[PDB]
Amino acid sequence: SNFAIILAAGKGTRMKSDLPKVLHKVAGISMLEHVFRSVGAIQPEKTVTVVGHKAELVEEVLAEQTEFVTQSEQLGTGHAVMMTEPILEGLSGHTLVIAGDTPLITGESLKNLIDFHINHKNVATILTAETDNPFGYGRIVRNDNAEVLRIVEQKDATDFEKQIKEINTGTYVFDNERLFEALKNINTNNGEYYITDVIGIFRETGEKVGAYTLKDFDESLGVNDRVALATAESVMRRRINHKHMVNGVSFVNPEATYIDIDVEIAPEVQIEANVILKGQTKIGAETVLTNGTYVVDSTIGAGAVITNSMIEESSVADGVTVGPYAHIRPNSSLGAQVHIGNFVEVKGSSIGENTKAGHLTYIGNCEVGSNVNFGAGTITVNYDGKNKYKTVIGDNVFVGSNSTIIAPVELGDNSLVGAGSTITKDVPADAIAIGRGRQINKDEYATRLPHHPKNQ
Amino acid sequence: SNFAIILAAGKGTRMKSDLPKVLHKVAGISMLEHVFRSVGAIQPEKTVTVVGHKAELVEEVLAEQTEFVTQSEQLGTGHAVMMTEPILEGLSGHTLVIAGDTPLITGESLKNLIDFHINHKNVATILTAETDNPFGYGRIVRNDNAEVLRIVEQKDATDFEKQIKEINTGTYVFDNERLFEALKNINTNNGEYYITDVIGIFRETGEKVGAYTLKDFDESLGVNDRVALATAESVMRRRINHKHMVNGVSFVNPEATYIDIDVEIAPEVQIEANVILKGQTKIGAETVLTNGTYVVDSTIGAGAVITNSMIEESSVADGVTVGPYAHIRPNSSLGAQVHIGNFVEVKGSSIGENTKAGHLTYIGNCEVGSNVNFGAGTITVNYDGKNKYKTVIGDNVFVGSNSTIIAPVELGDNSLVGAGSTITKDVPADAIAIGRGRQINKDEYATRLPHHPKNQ
Amino acid sequence: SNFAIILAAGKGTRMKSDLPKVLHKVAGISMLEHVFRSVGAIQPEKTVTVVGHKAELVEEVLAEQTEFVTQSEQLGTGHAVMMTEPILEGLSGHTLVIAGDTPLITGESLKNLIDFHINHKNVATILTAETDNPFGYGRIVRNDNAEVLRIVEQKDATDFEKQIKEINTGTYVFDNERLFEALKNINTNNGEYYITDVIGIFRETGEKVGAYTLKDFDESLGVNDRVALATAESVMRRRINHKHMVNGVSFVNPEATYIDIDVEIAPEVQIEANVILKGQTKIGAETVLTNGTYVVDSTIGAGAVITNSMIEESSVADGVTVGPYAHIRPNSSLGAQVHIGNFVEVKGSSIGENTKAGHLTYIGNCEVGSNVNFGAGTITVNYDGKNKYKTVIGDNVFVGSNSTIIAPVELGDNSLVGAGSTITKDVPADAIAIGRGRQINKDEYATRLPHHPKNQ
Ligand SMILES: COc1cc(OC)c(S(=O)(=O)NCc2ccccc2N2CCCCC2)cc1NC(C)=O
Ligand SMILES: COc1cc(OC)c(S(=O)(=O)NCc2ccccc2N2CCCCC2)cc1NC(C)=O
Ligand SMILES: COc1cc(OC)c(S(=O)(=O)NCc2ccccc2N2CCCCC2)cc1NC(C)=O
């Protein structure tokens, strides 16, 4: 049996934030959730998360996923772990201890760590890593058969010890029964106390302590400030986009393309640099996303072309073309082959197959049929100061350019609205509606106006 | 005499694509065309390209540039090269063999390779490179005078051989006559066969095999998946933008600026990060391109300022200002000093010198004279559902804000269209035209409406 | 006493520019000003800047900050420094000599350089650096006690000397009196002359020459072309954004976010990749800036959300929301909680608290009260060809969608403008104003029009 203890009690002072430190997001989810995902690879029988600062915010994030225990104040990692003792005491197994602020550690690394532990029948295994600049980190002191003798902190380090390159990442696997027996010893013997103290207890008793070394040092990143949060973001970005490229997705610049951890992207999608895909977004096969495009919680079908446009909480069917500079706002649905062109906003509207709105148009709170045409400058009007009205537009409606459609009004199938019209009442199917002043010319009169070349 | 054989027969399974692998684009052209360009530096007397998977797509790309031969199925590099034998057999010279999927190899490297070959009178020269992580690559085994003894693949490598850092890039120069004599030997002696086999034949006969080492390992990149395609993109980007900067072009961020291989840019142009220039685009002296700007197949004159705007298949004269957020669509011409401001679209239109359209305007299928003014919100209307009409606007026309101009109509020189007008017929030069309803106020009435503060 | 001599006389031929080389900008200010800022850390009693090519442009940049002297033609660094002799001759102290083209050198490095100098009572201290690729640079030759013996240029270097990794950065501290005594010796003994010559004079006299080595080689960057200018930009960017992140600002991608040297950003601001902040801009606490956002010389309050929008020379109060794709042009003020949505332009206008303009709207030269509403498509009209008029809009005005407001006109408190209206005269408080043609339907008529499905 494996168990996991996740440390998530800390504030994070250097973040300059009132968030619990582990709740800051990387690629769309908290550091804590990244750590939780990796922990899952060990198939823990029990997962206990230690909360402290703003416990309720963390308890919302992992609600129903973990047991919680609380440490009332900061008395160190040893005390943190002690809060889990009423749950874990006396159980037979292997217990991972990991902090919520190391979001790059992978489930493959945790499983290799656990296997290493079990395979070498260690009583404790330290997950270590190796760096050319170890200043600041506890050094790993091994004897000649490569067992850990101790963990020496920077301050207490002899000059020879400072040359040591192998560092303690602060993540461990312990024999669960021995872990709580040793911590009680430390506890009863005294005001902070440290999970590293247990290593020294096992060194007193000659029990076997080992170290399993991460192949990639960046995985050991402990995030304590926004500098480190942006590093984690960069490593995570490269990780996500590499998965995509292996899966058949093209990136002009995968180091400068911003896709959240749970976004899904079908093979043969082509993504230019500086595209942003956020939350529960899905992109269908062969779709093209050009530079500047920003999609959040939306589904986009196959063979679409999203040109520098922002789409939010909406569905976009196959073959749709949107942009450049269009805005599809929440609860919109764009049916197959629809075209939405520049400076067009769609809000709260269903738009039927093959309909086109190429320019300078606002479609708000409309139900729109198939093969509809909106001339440039068409404005739908839904809000009077209190009421929000709906407009119904049938199939094959032709809405003339620069018309103003005042809801609630129905345009029946095949009707036409004259360019420049203000529409205040229903238009029956097959009818036209014209609501505009007629043009009167006056010859010669421009001559007295300021734009005239002679007055220039 | 030099000859070249380019391998372009392969599918590319890991690409997850139905394209021939060499047709995927880097900086605007296929990998294959990049390789073709580099090959040209050797001044080959004959260039033969070996096609296989979707031969017709490759044959379109290099139409009239190369001879083609076809390999009907994948029986290895040796068989690929054998398809060129009816063309190259018995000719005296030096024959480069290079794959269409190594798009970073430069013509300078190929010429140094050929010269090395000729100068050392090798019978075969392997283009090699050196890496600290050689796992996977054929290792180059040299004797003490530094001649190649053999090429050892990963699988057949002894442990001492795996330490070898010098790898086979899969690009070679062969004595042409000896090349086909040796391949026939291999062929008649048997079902894949390999161009590396020829090296072993020359080792049997004691003929001189050499190795010329690339100074830059990244040049040896063989692109087999979209991860590697994005690496090639990144190396190519840096290569292109460095040429630009040496030529006098400023880059806020040349690692994050996306300019195609054949774009031309005059000295003193200033380019912000995240600008995209594609296809046959030219940018004249001192022009400024701000972040987000996207130009495809367009010419832009000197002293222009293109602010976060997209321009396609169009010409932009000197001193023009476009943007932010404007869209110049195909077949537009913007005359000297024109101004196109925010949320303005120009399509299929010629716009004369000094004309201005600063806001929320669509100019579609218009011929526009000089010193014209378009008020904010002006909509031209060209499409009725079937016909596409033209509008003619003379010099010094003043088009009032939020007017709707319904083609085909002519506005004569110096005429004015009243703000808010729907224009359905011609306006003579020096005339005004007003087509709008007159304002009627009703005092006190807002009091019963939902926006009123008291109802709030 | 410390003195500083800044070299700013050179053209910069490889820049392909007519600017003085030191005036090219990095992160918003010239290289020269960066060097001036770092120089200030030594608290110089006198700062003298040597000008030459287009002296007047440099003299504007540092007007009132430095003494100037002119070198009439390029006769080398020794002559450059000699121009400062009528000012500095005979004064007791330590004199930094630094070029205006090394903009990454920090004031902390200059102070460590000066302290090193004073502490080791050197007569000259060379600021050196160490690189694995020293080709091109003067090498530092030290004897066994580590004193500098000489500076050997590439050309005159023996093969053993070319292996030397420690290079001369071209920045120095000299004993001021000895500096001018030695230069006169060199001068009277002859047509270029070099500040390095003074090192050889001190080697003749056995006076103490030392070297202080920069910890970071990138600081030694001398910018001679636009390639190097973009490197300086990249190092500076990372430097600025790291200061921000330490201060509590989140960056999705601080390697691809473009913030000028004097921009101020409060803690807890969140900045997506590809945001541009320029000049005297300030961003208040917790404000969010999304990808594409571009702010120049503007103040933005606390808790605002600026979504992909461009803001120039304007003030934005707390809690304002702007964008996506909006443009706040010079001299605008957006009061607390205002909302400006997509394709909206604000120019030269004051907009009162809680007012909303969500779409396709141009507000130009208006004074706008609080809790005003602008329907989509509203156009204000201020320019007739000569005059620029103002419009006054009172509190709680409701401007109907696609209205055209022709200045000078006043809309009184709580008034309403009917959707689609052209407004040519004042509207009293509590009144409505309607100026549009009434809708007339004709049944059946669409049947003869081109959009009808049957004609399709
Ligand atoms: C050129 O495109 C248009 C022409 C139009 O009138 C000639 C009108 S219209 O709306 O004024 N009238 C519809 C129409 C279509 C075709 C032919 C004639 C007409 N109208 C003539 C005048 C009375 C209504 C029919 C609209 C468009 N197109 C757009 C995109 O709005
Ligand atoms: C303030 O800018 C305008 C004023 C206008 O009327 C006072 C009109 S107008 O189009 O209604 N009339 C033209 C005009 C210009 C100057 C002075 C008077 C007028 N009109 C007065 C009423 C009849 C037509 C002349 C247009 C503009 N400007 C824009 C950008 O449209
Ligand atoms: C649905 O939103 C609107 C309805 C309107 O008329 C029914 C008008 S209106 O401007 O035509 N008339 C104002 C109005 C508001 C509420 C109820 C009725 C009315 N009008 C009815 C007809 C005469 C004027 C009052 C404007 C809006 N909204 C926008 C954003 O413009």
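Here Swiss-Prot sets the residue numbers for chain B, with the shown residues being 2-191, 194-459 in order.
When the header is checked for method, it gives X-ray crystallography, 2.1 Å.
Cβ coordinates come from backbone N, Cα and C, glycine included.
If you check Swiss-Prot, you get these features:
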| type | residues | note |
| --- | --- | --- |
| BINDING | B:8-11, B:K22, B:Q72, B:77-78, B:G139, B:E154, B:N169, B:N227, B:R332, B:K350, B:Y365, B:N376 | UDP-N-acetyl-alpha-D-glucosamine binding site |
| BINDING | B:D102, B:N227 | Mg(2+) binding site |
| REGION | B:230-250 | region 'Linker' |
| REGION | B:251-459 | region 'N-acetyltransferase' |
| ACT_SITE | B:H362 | active site, proton acceptor |
| BINDING | B:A379, B:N385, B:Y386, B:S404, B:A422, B:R439 | acetyl-CoA binding site |
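Features recorded in Swiss-Prot, as mapped to the structure shown.
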residue : record                                        : DSSP class
B:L8    : UDP-N-acetyl-alpha-D-glucosamine binding site : strand
B:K22   : UDP-N-acetyl-alpha-D-glucosamine binding site : helix
B:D102  : Mg(2+) binding site                           : coil
B:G139  : UDP-N-acetyl-alpha-D-glucosamine binding site : coil
B:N227  : Mg(2+) binding site                           : coil
B:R332  : UDP-N-acetyl-alpha-D-glucosamine binding site : coil
B:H362  : active site, proton acceptor                  : strand
B:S404  : acetyl-CoA binding site                       : coil
B:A422  : acetyl-CoA binding site                       : coil
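Long-range neighbours of the region 'Linker' (B:230-250) within the same chain, counting only residues 6 or more positions beyond its ends whose Cβ lies under 8 Å from a Cβ of the stretch, are 16, 25, 27-28, 32, 35, 104-105, 221, 224, 257-258, 260-264, 266, 268, 270, 274. Distance from the CA of B:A422 (acetyl-CoA binding site) to the CA of B:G139 (UDP-N-acetyl-alpha-D-glucosamine binding site) is 75 Å. Unmodelled segment: 2 residues between B:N191 and B:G194, spanning 7 Å (Cα to Cα, whole number).
Proximity to chain A (CB-CB distance below 8 Å) holds for B:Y365, B:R439 among the binding-site residues B:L8, B:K22, B:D102, B:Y365, B:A422, B:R439.
Counting other C-beta atoms within 10 Å of each candidate's C-beta, the binding-site residues B:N227, B:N385, B:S404 are led by B:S404. Ranked by CA distance from B:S404 (acetyl-CoA binding site), the binding-site residues B:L8, B:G77, B:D102, B:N227, B:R332 have B:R332 at the top as the closest. The residue listed as 'active site, proton acceptor' and B:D102 (Mg(2+) binding site) are 47 Å apart (CA-CA, integer value). One residue stands out among the binding-site residues B:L8, B:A379 for having the most other Cβ atoms within 10 Å of its Cβ: B:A379. Ligand 2 lies within reach of B:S404, B:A422 from the binding-site residues B:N169, B:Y365, B:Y386, B:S404, B:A422, judged by a C-beta closer than 6 angstroms to any of its atoms. Maximum C-alpha to C-alpha distance over the listed acetyl-CoA-binding residues B:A379, B:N385, B:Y386, B:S404, B:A422, B:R439 is 22 Å. All protein chains included, B:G139 (UDP-N-acetyl-alpha-D-glucosamine binding site) registers 22 other Cβ atoms within 10 Å of its own Cβ. Cα of B:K22 (UDP-N-acetyl-alpha-D-glucosamine binding site) to Cα of B:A379 (acetyl-CoA binding site): a distance of 49 Å. For the binding-site residues given as B:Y365, B:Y386, the lowest number of other CB atoms within 10 Å of the residue's CB is seen at B:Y386. Within 10 Å of B:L8 (UDP-N-acetyl-alpha-D-glucosamine binding site), counting C-alpha to C-alpha distances, fall none of the binding-site residues B:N227, B:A379, B:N385, B:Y386, B:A422, B:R439. Note: the Cα of B:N385 (acetyl-CoA binding site) and the Cα of the residue listed as 'active site, proton acceptor' are spaced 19 Å from each other. Cα distances from B:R332 (UDP-N-acetyl-alpha-D-glucosamine binding site) to the recorded positions B:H362, B:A422, B:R439 are smallest for B:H362. Candidate binding-site residues: B:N169, B:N227, B:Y386. Those with a Cβ under 6 Å from ligand 1, in sequence order, are B:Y386. Within 10 Å of B:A379 (acetyl-CoA binding site), judged by CA to CA distance, lies none of the binding-site residues B:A10, B:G77, B:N169, B:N227.
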